[PDB]
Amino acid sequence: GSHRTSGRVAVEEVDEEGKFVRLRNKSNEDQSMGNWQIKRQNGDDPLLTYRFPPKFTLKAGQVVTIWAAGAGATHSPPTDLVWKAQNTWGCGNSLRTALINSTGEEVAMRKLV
């Protein structure tokens, strides 16, 4: 899919089955992601927003997968986090997933069409 990565963290994969979104710190430096968020736009549906914990660090070169509540995954930081507010990330023909920092700036995205 389409994508953009500014900074250390990229949206590496967006599951078409809506079970997860995987991010990867492609840099050699750790990244603070406290209060960051992921905005998901499925087709013409209202935006879904996942917020990272108030404190969280994605270490250099590492990945973190954010699972929806009905994906059969267990909260296991720092490699896997579970989003309790939504059972699915959503499915469709056009899915846009954006990684937003703590001040509202989009730093990365991945879009499927």
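Whichever C-alpha set is largest while still superposing within 1.5 Å between the two forms counts as the rigid core. Note that residue numbering begins at 1 and tracks the sequence as displayed.
Quiz item: 84 to 92 versus 23 to 31: which one's CA atoms end up farther from this form in 5 other deposited structures of this protein after a core fit?
Solution: The stretch that sits farther from the shown form in 5 other deposited structures of this protein is 84 to 92.
Quiz item: Taking only the CA atoms, which stretch has the higher mean B-factor in the record, 33 to 41 or 81 to 89?
Solution: Result of the comparison: 81 to 89.
Practice problem: Return whichever of 42 to 50 and 72 to 80 has the greater mean Cα B factor according to the PDB record. | Solution: It is 42 to 50.
Quiz prompt | Given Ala98, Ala10, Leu95, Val21, the residue at which the Cα B factor reaches its maximum | solution = In the PDB entry, the greatest C-alpha B-factor among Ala98, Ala10, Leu95, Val21 is found at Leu95.
Quiz prompt | Lowest, middle or highest third - CA B-factor, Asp15 | solution = Tercile = middle for this residue's CA B-factor.
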